[PDB]
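Each protein sequence line maps, in turn, to chains F and A. According to the entry's author numbering, the first sequence is numbered sequentially starting from 399. According to the entry's author numbering, the second sequence is numbered sequentially starting from 555. Worksheet: one structure, shown below.
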Amino acid sequence: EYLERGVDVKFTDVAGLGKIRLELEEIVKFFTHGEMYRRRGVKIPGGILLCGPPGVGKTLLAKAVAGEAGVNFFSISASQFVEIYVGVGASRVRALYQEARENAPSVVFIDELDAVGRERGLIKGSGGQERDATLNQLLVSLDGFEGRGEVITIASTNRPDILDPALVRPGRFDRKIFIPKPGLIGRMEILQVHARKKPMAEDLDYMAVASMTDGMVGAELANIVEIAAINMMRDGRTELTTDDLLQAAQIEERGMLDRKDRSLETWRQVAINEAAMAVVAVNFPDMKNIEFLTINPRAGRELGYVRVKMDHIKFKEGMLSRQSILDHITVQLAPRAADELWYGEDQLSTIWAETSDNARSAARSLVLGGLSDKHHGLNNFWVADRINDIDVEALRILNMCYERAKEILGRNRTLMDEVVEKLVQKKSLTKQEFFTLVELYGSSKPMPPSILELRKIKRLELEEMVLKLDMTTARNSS
Amino acid sequence: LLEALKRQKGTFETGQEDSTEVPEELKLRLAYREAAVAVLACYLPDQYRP
């Protein structure tokens with residue numbers, strides 16, 4: 399009933415494994431070299447749990463490790479265990495573990511334990527009672543009494559925090575393996591292994607494609623492959639090339655490109671907004687690298703957009719400076735000030751009503767996030783005066799950033815005009831031409847010194863003053 | 555034994571391939587923070603936690 403036929407997935411059919419594959423072949427060793435494991439006085443760990451984002455191929459990983467193990471494979475949905483009546487689920491898991499026991503050697507797979515692995519006492523109902531009964535039955539089948547060494551369970555959950563502490567107790571679910579989002583090389587391998595089944599060209603550098611689809615799951619890479627199969631009848635070309643995959647990545651990243659009737663002043667307004675955004679984005683190190691700048695309307699966003707990719711390591715670790723945030727608010731204050739510099743204060747539009755709210759939210763978050771230097775951070779107080787004064791600093795930072803944005807914008811009026819003319823004329827601008835116009839019409843942008851230069855100057859100053867103390871002690875003593 | 559205890563106390567949480575180019579401006583901040591902690595711990599010693 400719960401048995402499958404025709405399992406042939408191996409480690410070659412799955413891509414982007416890394417050192418996890420090593421752990422995977424450990425399971426193969428657990429299924430092959432087990433006599434040496436047992437002779438060294440070691441109990442076989444029967445519980446492995448794969449945790450990660452959905453779409454990483456948890457079922458594919460289970461199929462691959464089952465095929466490489468060379469044993470019978472069981473894959474069962476956990477939603478079948480939950481029933482409006484109580485009792486059938488415990489019998490189902492008992493019969494499941496029994497047929498797994500008699501089919502030894504074998505490996506079983508149970509996906510989405512979050513339906514049946516919830517805490518006992520979070521919902522008051524008969525369904526919760528059935529869930530508790532099934533959880534206890536699987537608890538007693540896994541470790542409860544002696545008599546199982548050859549059946550190994552495989553678990554695949556997206557939220558490991560809902561797991562019962564009874565299950566993760568040593569002896570039931572001890573091995574925990576995280577399968578993360580693919581980085582760079584995993585995306586190459588997944589795209590290539592999904593693209594073997596389609597005729598493909600030899601000039602196809604997937605590096606740029608994966609450099610566009612940063613931080614996307616393997617199922618999304620399969621989708622990118624899927625938007626590289628049909629759509630070529632409109633032009634009718636010969637072979638799949640780089641630009642087709644680049645456009646497919648652009649489509650799956652933002653949406654379908656649609657053209658509608660429009661006036662000229664609307665295009666001028668949108669291009670002025672995008673021009674302000676890009677011009678202020680140029681003058682800061684936090685978002686200097688600009689790739690695309692367009693004003694074409696898309697699905698869900700009539701307004702234009704800009705693309706920037708600074709290294710994604712500081713955001714994950716949280717090492718962003720205060721100057722990194724105070725600039726960004728200025729960037730989010732780029733559109734409205736441009737309106738004040740182009741149409742007057744009496745004719746402010748309502749297109750920047752979203753970025754201006756982002757600027758004020760970022761200012762409030764920076765104020766109450768400990769980055770403020772009013773007393774020393776201290777985003778919490780007791781008396782009413784200091785709590786009232788907390789919000790005033792957000793307004794002061796907002797006004798300072800708005801004035802800085804206004805000054806920066808007034809510094810670059812010629813670059814403003816040239817890039818806005820190019821935006822209304824071409825509707826899309828790449829990195830090369832935009833940076834060429836920035837070089838032709840830009841002003842001075844003195845970059846503030848980084849951490850290394852400040853460290854070096856402070857180190858030489860410290861050494862010189864400590865050696866000054868050295869002579870002022872020595873020649874005074876000698 | 556040390557590695558078994560290390561994996562059993564759950565130090566690792568990302569579970570990803572540990573190969574990342576760390577910038578100098580990150581190692582510098584980490585080293586300065588650790589030096590500050592070391593200096594403040596040596597200057598103000600704790601009787602039970604050396």
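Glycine residues also receive a C-beta, built at the ideal position from the N, C-alpha and C atoms.
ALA760/F places its beta carbon less than 7 angstroms from that of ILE727/F.
Apart from the 5 residues on each side of it in sequence, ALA593/F sits with its Cβ closer than 7 angstroms to the Cβ of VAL623 in its chain, given in chain order. Annotation: the continuous beta strand (DSSP E) that includes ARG573/F extends over 573-576. Around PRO578/F, the beta-carbon contacts reaching into chain A at under 7 angstroms are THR568, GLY569 and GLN570. Shortest Cα-Cα distance from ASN629/F to any of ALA647/F, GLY613/F and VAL615/F involves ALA647/F. Pairing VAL505/F with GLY768/F, the inter-Cα distance amounts to about 51 angstroms. With a threshold of 7 angstroms between beta carbons, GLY416/F makes contact with chain A.
In this structure, DSSP gives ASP656/F a state outside helix and strand, which the three-state scheme calls coil. DSSP places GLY487/F inside the alpha helix (DSSP H), whose first and last residues are 486-500. Beta-bridge pairing by DSSP links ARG705/F to no other residue. Taking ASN470/F as the centre and dropping the five residues before and after it, the same chain places the C-beta of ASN501 and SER504 closer than 6 angstroms to its C-beta, in chain order.
With its beta carbon less than 7 angstroms from one in chain F, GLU579/A belongs to the interface.
Contacts between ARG587/A and chain F, judged by CB atoms closer than 7 angstroms, are missing: the closest CB pair is about 11 angstroms apart. The contact set of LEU561/F on chain A, defined by CB atoms closer than 8 angstroms, is empty, because the minimum CB distance reaches about 13 angstroms. With a beta-carbon spacing of about 45 angstroms, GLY775/F and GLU587/F fall beyond the 8 angstroms limit used to define contacts. At least 7 angstroms separates the CB of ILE855/F from every CB of chain A.
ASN694/F is positioned such that its CB atom lies closer than 7 angstroms to that of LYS825/F. For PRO604/A, the number of other beta carbons within 10 angstroms of its own is below 16, and it is reported as exposed.
About 6 angstroms separates the beta carbon of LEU821/F from that of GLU672/F, a gap short enough to meet the 8 angstroms contact definition. With fewer than 16 other beta carbons inside 10 angstroms of its own, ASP755/F counts as exposed. Check the Cα spacing between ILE552/F and each of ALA498/F, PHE543/F and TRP750/F: the tightest is with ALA498/F. Counting other Cβ atoms within 10 Å of its Cβ, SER554/F reaches 16 or more and is therefore classed as buried. Scanning its chain for C-beta atoms nearer than 7 angstroms, with the 5 sequence neighbours on each side dropped, one finds around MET845/F the residues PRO683, in chain order. Looking only at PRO563/F, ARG734/F and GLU700/F, the smallest Cα-Cα distance to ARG660/F is reached by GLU700/F.
Against chain A, the beta carbon of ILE442/F has no neighbour under 9 angstroms; the closest one sits roughly 15 angstroms away. Against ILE795/F, chain A offers no close residue; the least beta-carbon distance is about 24 angstroms (beta-carbon pairs closer than 7 angstroms).
At least one CB of chain A lies nearer than 7 angstroms to the CB of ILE849/F. Comparing alpha-carbon positions, the option among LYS441/F, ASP868/F, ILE442/F and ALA460/F lying closest to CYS449/F turns out to be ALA460/F.
Around the C-beta of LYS707/F, fewer than 16 other C-beta atoms lie within 10 Å, and the residue is accordingly described as exposed. Between the stretch 437-453 of chain F and the stretch 542-551 of chain F there are three or more inter-stretch CB-CB distances shorter than 8 angstroms, so the stretches are counted as touching. Scanning chain A for C-beta atoms nearer than 9 angstroms to the C-beta of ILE575/F yields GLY569, reported in chain order. Annotation: Cβ neighbours of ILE711/F in chain A (cutoff 9 angstroms, chain order): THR574, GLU575, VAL576, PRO577 and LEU580. The three-state reading of DSSP puts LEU580/A in helix, counting H, G and I together.
At the C-beta level, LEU691/F and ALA674/F stay beyond 7 angstroms of one another. Of all C-beta pairs linking the stretch 588-608 of chain F to the stretch 461-481 of chain F, fewer than three are shorter than 8 angstroms, placing the two stretches out of contact. Looking at the backbone, the Cα of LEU724/F and that of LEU850/F are separated by about 21 angstroms.
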